[PDB]
Amino acid sequence: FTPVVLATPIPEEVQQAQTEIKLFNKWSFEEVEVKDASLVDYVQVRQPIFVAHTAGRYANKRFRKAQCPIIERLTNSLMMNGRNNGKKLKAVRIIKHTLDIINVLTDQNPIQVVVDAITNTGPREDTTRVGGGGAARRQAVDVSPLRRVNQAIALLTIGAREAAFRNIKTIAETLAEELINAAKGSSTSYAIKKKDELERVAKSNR
Amino acid sequence: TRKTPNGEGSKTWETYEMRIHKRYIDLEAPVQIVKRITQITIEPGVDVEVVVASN
Amino acid sequence: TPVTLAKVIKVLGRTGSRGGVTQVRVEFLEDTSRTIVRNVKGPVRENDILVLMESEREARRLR
Amino acid sequence: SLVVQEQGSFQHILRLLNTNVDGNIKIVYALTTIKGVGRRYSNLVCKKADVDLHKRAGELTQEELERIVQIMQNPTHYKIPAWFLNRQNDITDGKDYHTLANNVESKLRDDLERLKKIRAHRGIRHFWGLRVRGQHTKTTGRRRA
Amino acid sequence: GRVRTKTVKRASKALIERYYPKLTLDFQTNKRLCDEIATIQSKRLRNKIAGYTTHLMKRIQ
Amino acid sequence: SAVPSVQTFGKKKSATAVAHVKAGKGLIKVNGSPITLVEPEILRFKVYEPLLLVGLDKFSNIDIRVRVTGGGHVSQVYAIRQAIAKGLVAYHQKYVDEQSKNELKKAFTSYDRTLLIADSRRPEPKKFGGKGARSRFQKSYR
Amino acid sequence: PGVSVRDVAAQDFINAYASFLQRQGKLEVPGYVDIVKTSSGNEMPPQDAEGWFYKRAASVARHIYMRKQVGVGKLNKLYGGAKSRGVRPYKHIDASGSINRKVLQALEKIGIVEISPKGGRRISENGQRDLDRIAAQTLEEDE
Amino acid sequence: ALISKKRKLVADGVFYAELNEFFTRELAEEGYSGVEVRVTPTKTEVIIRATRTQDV
Amino acid sequence: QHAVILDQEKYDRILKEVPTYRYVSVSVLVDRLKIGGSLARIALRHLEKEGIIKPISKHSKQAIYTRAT
RNA sequence: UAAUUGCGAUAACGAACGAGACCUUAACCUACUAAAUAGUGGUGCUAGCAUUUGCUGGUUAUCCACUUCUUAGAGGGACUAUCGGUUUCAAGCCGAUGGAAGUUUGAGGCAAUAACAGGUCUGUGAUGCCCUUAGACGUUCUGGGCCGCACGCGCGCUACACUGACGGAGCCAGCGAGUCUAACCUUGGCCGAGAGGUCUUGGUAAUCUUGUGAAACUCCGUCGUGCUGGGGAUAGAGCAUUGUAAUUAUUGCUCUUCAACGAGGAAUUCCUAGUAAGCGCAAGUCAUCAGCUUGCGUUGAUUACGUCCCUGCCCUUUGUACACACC
Ligand SMILES: [Mg+2]
Ligand SMILES: [Mg+2]
Ligand SMILES: [Mg+2]
Ligand SMILES: [Mg+2]
Ligand SMILES: [Mg+2]
Ligand SMILES: [Mg+2]
Ligand SMILES: [Mg+2]
Ligand SMILES: [Mg+2]
Ligand SMILES: [Mg+2]
Ligand SMILES: [Mg+2]
Ligand SMILES: [Mg+2]
Ligand SMILES: [Mg+2]
Ligand SMILES: [Mg+2]
Ligand SMILES: [Mg+2]
Ligand SMILES: [Mg+2]
Ligand SMILES: [Mg+2]
Ligand SMILES: [Mg+2]
Ligand SMILES: [Mg+2]
Ligand SMILES: [Mg+2]
Ligand SMILES: [Mg+2]
Ligand SMILES: [Mg+2]
Ligand SMILES: [Mg+2]
Ligand SMILES: [Mg+2]
């Protein structure tokens, strides 16, 4: 990789695992592809980045939340529940610990494991809140691709947060379990319990 | 402070401020150029203090 | 269990008394010879792909 | 690496100071089940009693248990300063004590009766069953009991 | 949103009428013209006016 | 003798990272310690990204002193990475030729997270009537 | 070639100089140690009662060395933290002073520090060398 | 003498109001309109304005 | 309840089970065996004698080990 | 349109207050004017690592140069610019590109006409009337009271823990303040587990406290789901600080007692970007006491970019037997 030397050393696992390919933490950003259409252009995995923490600005205009990578959109949705707000640093460390667990469980790429997850969890069609004439009925409406990614991370994180609450596991673990049970939809997942409940209600009163 | 006298109604808070500007110029000159420097450059609202040297 | 792909053409307006659903015109993706009116709950831009469940239906305004 | 077994050397639930101290919880925090010993006191005694803290109470020979016990009632003698003690400079004898076990419920009642016999202000609040540290009883303390 | 006020637009209808040869399509030069044939008491109004006069020019021509 | 040095600065929130870039051997140090030891930790690669988005060899001719004052632990990291990614285009601007500087300008801004454009967000003032910027105190009516 | 303590990872550094001081013996641990919480803001005493004073001392030697002079006070606030005052909110509480002091007066005996103008303690040349020396050893910990 | 400058210009501002009011109460029928204070090196200057300056 | 001292025959479990799993962690041991967890962390350090397992990410919050070699 | 803000429609035409302009404050300036109370490079002087020049420091001014970061004077900067989608192709809105900045650039100050039996006589040596005026409703002094506790209601602080606690170790702000005929903000040396003490010190302040070495946080370690080391109420004992005076515990410290609290019923508050939330810090109060308020900065996100379904206000229409105006 041409190990160049400068006055201050700089490591060789550093120099190589970067200038060559701009991996993730050290995951491959190439060769991972959104296995479901529609949801593409919203599952941002074509621009690489090292850490899951960016000085972002995705709350100015309406449609710039998607140019934020789905990884850091995964991580940011972790750091919630009062005692957890703002603690982005911990979430990265949890997430880096969430991927490396998953890359140990079932080979593959964890960034493909995450990608697989967000997709098979977004509710294709939802129940909206109509006036419904008194006893408000429920009106079936299929849901935006942006919201199938949004409400996914919501459902997936809520899944791990409620999992490892009064439980021995760490977030990183329950997160690494909640993705694996969503990246191939074992229906053991909490998100998948959620998803196949929502489309289940829309499929009813329509 | 609070706007109201006594504590009636909404609690609305003014904030007053005062802007105090300091600065300093350093000079070197003998006899006449020292007392002249003092009182020839004077203007109300301007506080002036002129210092010997050393300690 | 068939699955619909539907590409956006034009934004019609916002329905629901709450402003809860947005209408849009979608190109049928695999059958460009179609175009149908739909109701979305999320925020839908142009050119993204809806995933319809009943490839008939097509209703209108809502409260 | 404390991967040791111990055959019959581990014996859960012993008895000290007329309490039922659990064996398989850490030594420091095992002891605290006694009315009178607490975190920092039980952290120090085991120190003065040469006890390897990394262990649980289920270990520790009766040697290492009478070594602690002895130190605990006479704490002042083993480099343990009077301020570590719950009852320093009394009001009857003027010395330093660390009332333990049953003895805590004892001098707690005695003291309360002490200023109740004398019928002071802080005493009466203990008789009625109210607050003694002149705080607000108007809005708070409700539900009672 | 941004709706420029009459005091602005009044001033754009006047400079365009009184100075069409010397105005132009660019924002920068007009800003300098304004500090000549007009007395505008604040830079923003100075800029805001010239902005509107220049808007008209891109649809006058 | 005085050396050909360059001095840029990157700011973020209340952190201001001053930079010195002179013709040198290749050392890169922030506050008297090498850039490999920047120990907010998880964001380590953050400060590395200016070295890997251009070529580890574009530094072997320069020594880069950095010192941060202010901000917090995170704001110092973005402030140093930005003072560093700006001293390399300002060394090129003065001590070498243009077209490489814009290529550098190119690879930087292709991926830019602030890097050479200072993120201008700021803290909003708290108002009266509430404990935060917009958060108002709890109202009760009856 | 030429290693300062500022070339060494801090936690790796202070983890080592501590060891260096418990396998040198001649520090001077005070009479308590087994009874102090390091700060009136803590809750329990340091858990490695054997070597905290060593870790403490070592850091200070590192800490005073990357500076011009630092007195006891600035140490108490540095090694102070947060106090949980109970049902009331948390605030900063400075740390014990007869802990940092007996650290700085016993560092004086081994020649790692010394009194200094502008008050406070300055790193000594004896100390400068002792820290730069054990720094390199931690640097070259690659076999 | 020797007072903090932050209290100085404040403590002055106290002296102005106190002077300004006193004159506003004493010089009633004169029609006084305000005062200015020119602190000079040696001497301090109070400058009263009233539309009946003879009775001042 | 769990276990907080080695029962020797409990020790037999670990040496002839941990290489079964391709993920060992704090909770991994607690769930299938019945360690306290305190003696699981030393059990991890113990299992890194001569690489019964192998590290990849050593942190104070998380233990991510794998199979042997 | 946020706006009576506009384009236009036009028996109106042309105008004034308001809104807007304005002002502050936060952002941009390698362009000007400067800098021992702000910095930096050189270098004297000197320590340590290497010794191969180098890396890291020390030295209030050794001497020289300078203004990148600092402070604030002077000015520039943006006008929603340029292109595009639009619509009366009108104001305008939407999108891309650039730009420090494109939500009235963010946030504030100011703020018309008219109205209230809204509050304040307990801010005023502001004021009418009444009352009282030496057994005083004046006043000062001693003590006590405002906190008294079956309970109903509002604001809050701490929490129920493993995204944690505890112990070590790492260590990063901004808004602020601070002693004259006086005792303030206080480094530091020593003493003290502590709270604190004693000896000196700097500062009327970009100079000294103070880099306010803040907390949250990072990390290594212990504990391991156990009303447990989560929680810290109630209570006993002792040491201290404030003050003439602490009892009805002012506060501070150490040990000991280890309470309810296992996610909170019908309800209901607040919020759209450095925002919410979590975090501390100064300031007001202050002899002493913050769980309060005014501000500050650290860490910093999910979700909207919409609607009139609910509650409000606004117009317009219509009804009116209301005008002391659906009290
Ligand atoms: Mg006990
Ligand atoms: Mg007692
Ligand atoms: Mg406020
Ligand atoms: Mg704030
Ligand atoms: Mg600290
Ligand atoms: Mg700490
Ligand atoms: Mg607390
Ligand atoms: Mg807190
Ligand atoms: Mg008008
Ligand atoms: Mg006007
Ligand atoms: Mg200087
Ligand atoms: Mg110099
Ligand atoms: Mg752009
Ligand atoms: Mg009234
Ligand atoms: Mg009053
Ligand atoms: Mg209130
Ligand atoms: Mg606790
Ligand atoms: Mg901690
Ligand atoms: Mg407990
Ligand atoms: Mg306690
Ligand atoms: Mg205070
Ligand atoms: Mg109050
Ligand atoms: Mg009618």
# chains A, B, ... in the order shown; residues from 1 in each chain; ligands from 1
$ interface_residues --of "chain J" --to "chain C" --cutoff "9 Å" --atoms "only C-alpha atoms (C1' of nucleotides)" --output "PyMOL selection string"
chain J and resi 306-309
$ write_last_selection --atoms "C-alpha atoms (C1' of nucleotides)" --output "PDB file, in the first residue's frame"
ATOM      1  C1'   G J 306     -48.590  19.513   7.235  1.00  0.00           C
ATOM      2  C1'   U J 307     -53.738  20.557   8.610  1.00  0.00           C
ATOM      3  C1'   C J 308     -58.789  22.914  10.537  1.00  0.00           C
ATOM      4  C1'   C J 309     -60.607  17.006  13.293  1.00  0.00           C
TER       5        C J 309
END
$ residues_around --residues "residue J:109" --least-positions-apart "4" --cutoff "12 Å" --atoms "only C-alpha atoms (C1' of nucleotides)" --output "ChimeraX atom specification"
/B:14-17 /J:22-25
$ residues_near_ligand --ligand "ligand 15" --cutoff "12 Å" --atoms "only C-alpha atoms (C1' of nucleotides) and all ligand atoms" --output "ChimeraX atom specification"
/B:5-7 /J:120,122-123
$ closest_atom_pairs --of "chain J" --to "ligand 7" --cutoff "12 Å" --atoms "only C-alpha atoms (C1' of nucleotides) and all ligand atoms" --output "CSV"
residue,atom,partner,partner_atom_place_in_ligand_line,distance
J:157,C1',ligand 7,1 (Mg),8.8
J:158,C1',ligand 7,1 (Mg),5.4
J:159,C1',ligand 7,1 (Mg),8.1
J:230,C1',ligand 7,1 (Mg),11.9
J:231,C1',ligand 7,1 (Mg),8.8
J:232,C1',ligand 7,1 (Mg),7.8
J:233,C1',ligand 7,1 (Mg),11.7
J:291,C1',ligand 7,1 (Mg),10.8
$ residues_around --residues "stretch 65-75 of chain F" --least-positions-apart "5" --cutoff "6 Å" --atoms "only C-alpha atoms (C1' of nucleotides)" --output "count of residues only"
14
$ closest_residue --among "I:10, I:40, I:34, I:24" --to "residue I:53" --atoms "only C-alpha atoms"
I:24
$ residues_near_ligand --ligand "ligand 21" --cutoff "8 Å" --atoms "only C-alpha atoms (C1' of nucleotides) and all ligand atoms" --output "JSON, numbers by chain"
{"J": [283, 285, 286]}
$ residues_near_ligand --ligand "ligand 19" --cutoff "7 Å" --atoms "only C-alpha atoms (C1' of nucleotides) and all ligand atoms" --output "VMD selection string"
chain J and resid 228 to 230 258
$ residues_near_ligand --ligand "ligand 1" --cutoff "8 Å" --atoms "only C-alpha atoms (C1' of nucleotides) and all ligand atoms" --output "list in words"
residues 31, 32, 33, 34, 35, 36, 37, 38 and 39 of chain D; 256 of chain J
$ residues_around --residues "stretch 15-32 of chain A" --least-positions-apart "5" --cutoff "12 Å" --atoms "only C-alpha atoms (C1' of nucleotides)" --output "JSON list (two decimals) with N, CA and C atoms, in the first residue's frame"
[["chain", "number", "residue", "atom", "x", "y", "z"],
["A", 1, "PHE", "N", 0.81, -1.22, 0.00],
["A", 1, "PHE", "CA", 0.00, 0.00, 0.00],
["A", 1, "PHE", "C", 0.85, 1.27, 0.00],
["A", 2, "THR", "N", 2.16, 1.11, -0.24],
["A", 2, "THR", "CA", 3.21, 2.13, -0.11],
["A", 2, "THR", "C", 3.24, 2.67, 1.33],
["A", 3, "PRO", "N", 3.81, 1.92, 2.28],
["A", 3, "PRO", "CA", 3.86, 2.40, 3.66],
["A", 3, "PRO", "C", 4.75, 3.61, 3.81],
["A", 4, "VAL", "N", 4.18, 4.82, 3.68],
["A", 4, "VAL", "CA", 4.96, 6.06, 3.75],
["A", 4, "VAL", "C", 5.25, 6.39, 5.21],
["A", 5, "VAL", "N", 6.36, 7.08, 5.45],
["A", 5, "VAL", "CA", 6.79, 7.41, 6.80],
["A", 5, "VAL", "C", 6.88, 8.92, 6.93],
["A", 6, "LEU", "N", 6.41, 9.41, 8.06],
["A", 6, "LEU", "CA", 6.59, 10.80, 8.40],
["A", 6, "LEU", "C", 6.95, 10.89, 9.87],
["A", 9, "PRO", "N", 4.83, 8.75, 13.75],
["A", 9, "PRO", "CA", 4.70, 7.42, 13.13],
["A", 9, "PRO", "C", 3.46, 7.20, 12.29],
["A", 10, "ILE", "N", 2.30, 7.13, 12.94],
["A", 10, "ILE", "CA", 1.05, 6.70, 12.31],
["A", 10, "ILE", "C", 1.07, 5.21, 11.97],
["A", 43, "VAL", "N", -31.97, 4.42, 1.73],
["A", 43, "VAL", "CA", -31.07, 3.62, 2.59],
["A", 43, "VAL", "C", -29.65, 3.98, 2.13],
["A", 44, "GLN", "N", -29.09, 5.01, 2.76],
["A", 44, "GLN", "CA", -27.91, 5.69, 2.24],
["A", 44, "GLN", "C", -26.66, 4.88, 2.58],
["A", 45, "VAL", "N", -26.12, 4.15, 1.60],
["A", 45, "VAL", "CA", -24.98, 3.28, 1.84],
["A", 45, "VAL", "C", -24.02, 3.34, 0.66],
["A", 46, "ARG", "N", -24.12, 4.40, -0.14],
["A", 46, "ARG", "CA", -23.21, 4.55, -1.26],
["A", 46, "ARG", "C", -22.07, 5.54, -0.98],
["A", 47, "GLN", "N", -22.25, 6.46, -0.05],
["A", 47, "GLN", "CA", -21.15, 7.28, 0.39],
["A", 47, "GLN", "C", -20.55, 6.64, 1.63],
["A", 48, "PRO", "N", -19.27, 6.38, 1.66],
["A", 48, "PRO", "CA", -18.67, 5.77, 2.83],
["A", 48, "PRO", "C", -18.35, 6.83, 3.86],
["A", 49, "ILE", "N", -18.08, 6.36, 5.07],
["A", 49, "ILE", "CA", -17.67, 7.21, 6.18],
["A", 49, "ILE", "C", -17.07, 6.32, 7.26],
["A", 50, "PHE", "N", -16.12, 6.88, 8.02],
["A", 50, "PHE", "CA", -15.42, 6.10, 9.04],
["A", 50, "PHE", "C", -16.29, 5.86, 10.30],
["A", 51, "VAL", "N", -16.72, 6.93, 10.99],
["A", 51, "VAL", "CA", -17.41, 6.83, 12.28],
["A", 51, "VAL", "C", -18.88, 7.11, 12.07],
["A", 52, "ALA", "N", -19.70, 6.71, 13.03],
["A", 52, "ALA", "CA", -21.14, 6.96, 12.89],
["A", 52, "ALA", "C", -21.53, 8.29, 13.47],
["A", 53, "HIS", "N", -20.69, 9.29, 13.39],
["A", 53, "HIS", "CA", -20.98, 10.55, 14.05],
["A", 53, "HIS", "C", -20.58, 11.65, 13.11],
["A", 69, "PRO", "N", -26.50, 8.88, 6.23],
["A", 69, "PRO", "CA", -26.41, 7.42, 6.13],
["A", 69, "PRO", "C", -27.36, 6.73, 7.08],
["A", 71, "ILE", "N", -26.78, 4.16, 8.64],
["A", 71, "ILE", "CA", -26.07, 3.75, 9.83],
["A", 71, "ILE", "C", -26.24, 4.80, 10.92],
["A", 72, "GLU", "N", -25.76, 6.03, 10.65],
["A", 72, "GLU", "CA", -25.90, 7.10, 11.64],
["A", 72, "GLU", "C", -27.36, 7.47, 11.88],
["A", 92, "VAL", "N", -22.46, 5.20, 19.24],
["A", 92, "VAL", "CA", -21.44, 4.70, 18.33],
["A", 92, "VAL", "C", -20.76, 3.49, 18.93],
["A", 93, "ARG", "N", -20.30, 3.61, 20.16],
["A", 93, "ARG", "CA", -19.61, 2.51, 20.79],
["A", 93, "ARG", "C", -20.54, 1.32, 20.93],
["A", 95, "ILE", "N", -22.89, 0.73, 18.83],
["A", 95, "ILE", "CA", -23.21, 0.25, 17.49],
["A", 95, "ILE", "C", -22.03, -0.51, 16.92],
["A", 96, "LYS", "N", -20.84, 0.07, 17.03],
["A", 96, "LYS", "CA", -19.64, -0.68, 16.65],
["A", 96, "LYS", "C", -19.62, -2.03, 17.35],
["A", 97, "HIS", "N", -20.12, -2.09, 18.59],
["A", 97, "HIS", "CA", -20.27, -3.34, 19.32],
["A", 97, "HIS", "C", -21.47, -4.13, 18.83],
["A", 99, "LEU", "N", -22.38, -4.18, 15.50],
["A", 99, "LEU", "CA", -21.97, -4.79, 14.23],
["A", 99, "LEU", "C", -21.06, -5.99, 14.45],
["A", 100, "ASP", "N", -19.96, -5.79, 15.20],
["A", 100, "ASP", "CA", -18.96, -6.84, 15.44],
["A", 100, "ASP", "C", -19.56, -8.08, 16.10],
["A", 103, "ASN", "N", -21.41, -9.59, 12.79],
["A", 103, "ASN", "CA", -20.37, -10.15, 11.93],
["A", 103, "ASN", "C", -19.74, -11.42, 12.50],
["A", 108, "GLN", "N", -21.29, -12.63, 6.71],
["A", 108, "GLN", "CA", -21.97, -11.58, 5.96],
["A", 108, "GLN", "C", -21.36, -10.22, 6.29],
["A", 109, "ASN", "N", -21.99, -9.11, 5.78],
["A", 109, "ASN", "CA", -21.54, -7.79, 6.20],
["A", 109, "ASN", "C", -22.51, -7.24, 7.23],
["A", 110, "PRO", "N", -22.06, -6.65, 8.34],
["A", 110, "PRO", "CA", -23.04, -6.13, 9.29],
["A", 110, "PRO", "C", -23.79, -4.97, 8.67],
["A", 111, "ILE", "N", -23.13, -4.21, 7.80],
["A", 111, "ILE", "CA", -23.79, -3.10, 7.14],
["A", 111, "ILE", "C", -24.76, -3.58, 6.10],
["A", 112, "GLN", "N", -24.61, -4.80, 5.65],
["A", 112, "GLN", "CA", -25.69, -5.45, 4.94],
["A", 112, "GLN", "C", -26.69, -6.08, 5.92],
["A", 113, "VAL", "N", -26.25, -6.44, 7.13],
["A", 113, "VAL", "CA", -27.18, -6.99, 8.10],
["A", 113, "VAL", "C", -28.14, -5.92, 8.55],
["A", 114, "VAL", "N", -27.62, -4.72, 8.77],
["A", 114, "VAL", "CA", -28.46, -3.60, 9.12],
["A", 114, "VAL", "C", -29.39, -3.27, 7.96],
["A", 115, "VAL", "N", -28.82, -3.16, 6.76],
["A", 115, "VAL", "CA", -29.61, -2.81, 5.59],
["A", 115, "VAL", "C", -30.74, -3.81, 5.41],
["A", 116, "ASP", "N", -30.43, -5.12, 5.47],
["A", 116, "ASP", "CA", -31.47, -6.13, 5.40],
["A", 116, "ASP", "C", -32.57, -5.86, 6.41],
["F", 36, "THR", "N", -1.73, 10.71, 16.78],
["F", 36, "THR", "CA", -2.20, 9.34, 16.90],
["F", 36, "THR", "C", -2.82, 9.05, 18.25],
["F", 42, "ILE", "N", -13.40, 7.24, 20.31],
["F", 42, "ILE", "CA", -14.22, 6.65, 19.25],
["F", 42, "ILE", "C", -14.15, 7.47, 17.99],
["F", 43, "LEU", "N", -14.00, 8.79, 18.12],
["F", 43, "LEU", "CA", -13.85, 9.72, 17.00],
["F", 43, "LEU", "C", -12.42, 9.85, 16.52],
["F", 44, "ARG", "N", -11.60, 8.84, 16.75],
["F", 44, "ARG", "CA", -10.21, 8.99, 16.38],
["F", 44, "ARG", "C", -10.11, 9.24, 14.89],
["F", 45, "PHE", "N", -10.76, 8.38, 14.10],
["F", 45, "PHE", "CA", -10.64, 8.45, 12.65],
["F", 45, "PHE", "C", -11.13, 9.80, 12.16],
["F", 46, "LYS", "N", -11.96, 10.46, 12.94],
["F", 46, "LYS", "CA", -12.40, 11.77, 12.53],
["F", 46, "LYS", "C", -11.19, 12.63, 12.19],
["F", 48, "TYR", "N", -8.31, 11.74, 11.64],
["F", 48, "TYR", "CA", -7.47, 11.14, 10.63],
["F", 48, "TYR", "C", -7.98, 11.45, 9.24],
["F", 49, "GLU", "N", -9.30, 11.64, 9.06],
["F", 49, "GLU", "CA", -9.90, 11.77, 7.73],
["F", 49, "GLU", "C", -9.24, 12.82, 6.84],
["F", 50, "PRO", "N", -8.80, 13.98, 7.38],
["F", 50, "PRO", "CA", -7.97, 14.87, 6.54],
["F", 50, "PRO", "C", -6.65, 14.26, 6.06],
["F", 51, "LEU", "N", -6.08, 13.26, 6.74],
["F", 51, "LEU", "CA", -4.87, 12.62, 6.22],
["F", 51, "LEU", "C", -5.17, 11.60, 5.12],
["F", 52, "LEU", "N", -6.37, 11.01, 5.11],
["F", 52, "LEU", "CA", -6.66, 9.87, 4.23],
["F", 52, "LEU", "C", -7.49, 10.25, 3.01],
["F", 53, "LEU", "N", -7.98, 11.48, 2.97],
["F", 53, "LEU", "CA", -8.74, 12.05, 1.87],
["F", 53, "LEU", "C", -7.85, 12.86, 0.91],
["F", 54, "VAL", "N", -6.55, 12.60, 0.88],
["F", 54, "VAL", "CA", -5.66, 13.41, 0.06],
["F", 54, "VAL", "C", -4.39, 12.64, -0.28],
["F", 55, "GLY", "N", -3.84, 11.91, 0.69],
["F", 55, "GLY", "CA", -2.64, 11.15, 0.44],
["F", 55, "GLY", "C", -1.64, 11.29, 1.56],
["F", 56, "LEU", "N", -1.30, 10.19, 2.23],
["F", 56, "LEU", "CA", -0.50, 10.33, 3.44],
["F", 56, "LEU", "C", 0.84, 10.96, 3.15],
["F", 57, "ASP", "N", 1.18, 11.07, 1.89],
["F", 57, "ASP", "CA", 2.45, 11.60, 1.43],
["F", 57, "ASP", "C", 2.45, 13.12, 1.26],
["F", 111, "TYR", "N", -16.49, 15.01, 0.19],
["F", 111, "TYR", "CA", -16.89, 14.24, 1.35],
["F", 111, "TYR", "C", -17.16, 15.16, 2.54]]
$ residues_near_ligand --ligand "ligand 18" --cutoff "9 Å" --atoms "only C-alpha atoms (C1' of nucleotides) and all ligand atoms" --output "PyMOL selection string"
(chain G and resi 81) or (chain J and resi 166-168+217)
$ write_last_selection --atoms "N, CA, C and O atoms (P, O5', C5', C4', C3', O3' and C1' of nucleotides)" --output "PDB file, in the first residue's frame"
ATOM      1  N   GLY G  81     -15.017  15.555  41.904  1.00  0.00           N
ATOM      2  CA  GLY G  81     -16.013  15.168  40.925  1.00  0.00           C
ATOM      3  C   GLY G  81     -17.400  15.668  41.263  1.00  0.00           C
ATOM      4  O   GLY G  81     -17.577  16.829  41.616  1.00  0.00           O
TER       5      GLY G  81
ATOM      6  P     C J 166     -22.848   6.659  41.615  1.00  0.00           P
ATOM      7  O5'   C J 166     -21.651   5.816  42.239  1.00  0.00           O
ATOM      8  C5'   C J 166     -21.776   5.186  43.514  1.00  0.00           C
ATOM      9  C4'   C J 166     -20.679   4.175  43.790  1.00  0.00           C
ATOM     10  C3'   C J 166     -19.236   4.622  43.526  1.00  0.00           C
ATOM     11  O3'   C J 166     -18.647   5.333  44.610  1.00  0.00           O
ATOM     12  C1'   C J 166     -19.611   2.542  42.483  1.00  0.00           C
ATOM     13  P     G J 167     -17.613   6.552  44.362  1.00  0.00           P
ATOM     14  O5'   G J 167     -16.278   5.810  43.979  1.00  0.00           O
ATOM     15  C5'   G J 167     -15.838   4.734  44.781  1.00  0.00           C
ATOM     16  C4'   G J 167     -14.648   4.042  44.185  1.00  0.00           C
ATOM     17  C3'   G J 167     -13.628   4.933  43.554  1.00  0.00           C
ATOM     18  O3'   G J 167     -12.784   5.478  44.507  1.00  0.00           O
ATOM     19  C1'   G J 167     -13.967   3.053  42.205  1.00  0.00           C
ATOM     20  P     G J 168     -11.896   6.684  44.016  1.00  0.00           P
ATOM     21  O5'   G J 168     -10.623   6.038  43.349  1.00  0.00           O
ATOM     22  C5'   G J 168      -9.857   6.812  42.466  1.00  0.00           C
ATOM     23  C4'   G J 168      -9.198   5.894  41.515  1.00  0.00           C
ATOM     24  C3'   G J 168      -8.648   6.534  40.280  1.00  0.00           C
ATOM     25  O3'   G J 168      -7.370   7.055  40.513  1.00  0.00           O
ATOM     26  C1'   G J 168      -9.952   4.683  39.677  1.00  0.00           C
ATOM     27  P     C J 217     -22.569  10.334  32.068  1.00  0.00           P
ATOM     28  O5'   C J 217     -21.455  10.657  30.988  1.00  0.00           O
ATOM     29  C5'   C J 217     -21.770  10.631  29.613  1.00  0.00           C
ATOM     30  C4'   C J 217     -20.700  11.303  28.798  1.00  0.00           C
ATOM     31  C3'   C J 217     -19.441  10.501  28.556  1.00  0.00           C
ATOM     32  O3'   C J 217     -19.566   9.614  27.463  1.00  0.00           O
ATOM     33  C1'   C J 217     -18.881  12.694  29.241  1.00  0.00           C
TER      34        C J 217
END
$ residues_near_ligand --ligand "ligand 16" --cutoff "10 Å" --atoms "only C-alpha atoms (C1' of nucleotides) and all ligand atoms" --output "VMD selection string"
(chain B and resid 10 to 11) or (chain F and resid 129 137 to 140) or (chain J and resid 154 to 156 292)
$ write_last_selection --atoms "C-alpha atoms (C1' of nucleotides)" --output "PDB file, in the first residue's frame"
ATOM      1  CA  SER B  10     -47.417  37.276  33.585  1.00  0.00           C
ATOM      2  CA  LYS B  11     -43.840  37.220  34.815  1.00  0.00           C
TER       3      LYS B  11
ATOM      4  CA  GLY F 129     -40.812  32.048  30.750  1.00  0.00           C
ATOM      5  CA  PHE F 137     -42.347  26.464  31.706  1.00  0.00           C
ATOM      6  CA  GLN F 138     -45.346  24.265  32.543  1.00  0.00           C
ATOM      7  CA  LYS F 139     -48.656  26.072  32.526  1.00  0.00           C
ATOM      8  CA  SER F 140     -51.478  24.958  34.730  1.00  0.00           C
TER       9      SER F 140
ATOM     10  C1'   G J 154     -50.249  23.689  41.612  1.00  0.00           C
ATOM     11  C1'   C J 155     -44.789  24.160  40.639  1.00  0.00           C
ATOM     12  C1'   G J 156     -40.563  21.394  41.385  1.00  0.00           C
ATOM     13  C1'   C J 292     -36.090  28.985  42.901  1.00  0.00           C
TER      14        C J 292
END
$ atom_distance --atom1 "atom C1' of residue J:110" --atom2 "atom CA of residue E:8"
21.7 Å
$ interface_residues --of "chain A" --to "chain I" --cutoff "7 Å" --atoms "only C-alpha atoms" --output "number ranges by chain"
A: 101, 104-105, 168-169
$ residues_near_ligand --ligand "ligand 5" --cutoff "10 Å" --atoms "only C-alpha atoms (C1' of nucleotides) and all ligand atoms" --output "PyMOL selection string"
(chain G and resi 74-82+92-94) or (chain J and resi 170-172+213-215)
